[PDB]
């Protein structure tokens, strides 16, 4: 199993604000969709609520501690370990957030597909800091703007 973390962040690793995105970057949404199609996607309960409904054509997996919580079109697991344990036969598992899930997944992450925006936004939640010595850059594609801010597609392997 390859554990992959996919997230869009700014220059200071900001990811959210009032349970929403602080930006809208169409290029990232298409990138995200192609990368995640046909794979299991693991998310926190707040991140699901942020989306509002299951992402189509994908096995949506939601992590929560609420034991009686039912979510149509999603598989519920009561810890990240239980989810990963259930997805043992899967060749790849994609962790999509949020901040708490990323922090717990980071030490077990094999791969990271990060969108880094060249801008400084206002927000409250951040992507966890990773040790640059443990990760190597496998792909880096920078884009200028049209997507009103500059961004890059950074792919890291541990």
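Positions refer to the first chain, counted from 1.
Tell whether, across the other compared PDB entries, at least a third have no coordinates for residue 145.
In at least a third of the other entries, residue 145 has no coordinates.
How much of the deposited sequence is absent from the coordinates between residue 146 and residue 147: none, 1 to 3, 4 to 9, or 10 or more residues?
Per the deposited record, the segment joining residue 146 and residue 147 lacks coordinates for 1 to 3 residues.
Given the B-factors recorded for C-alpha atoms, which segment has the greater mean, 115-123 or 32-40?
Here the higher of the two C-alpha B-factor means belongs to 115-123.
Out of 1-9 and 147-155, which one has CA B-factors that are higher on average in the deposited record?
On average, C-alpha B-factors are higher across 147-155.
Highest Cα B-factor in the PDB entry belongs to which of 54, 26, 107, 98?
The record points to 26.
Thinking about Cα B factors across the chain, which third does residue 47 belong to?
Tercile = lowest for this residue's CA B-factor.
Test of reading the entry: by CA B factor among the chain's modelled residues, which third contains residue 64?
Lowest third, going by the recorded CA B-factors of the chain.
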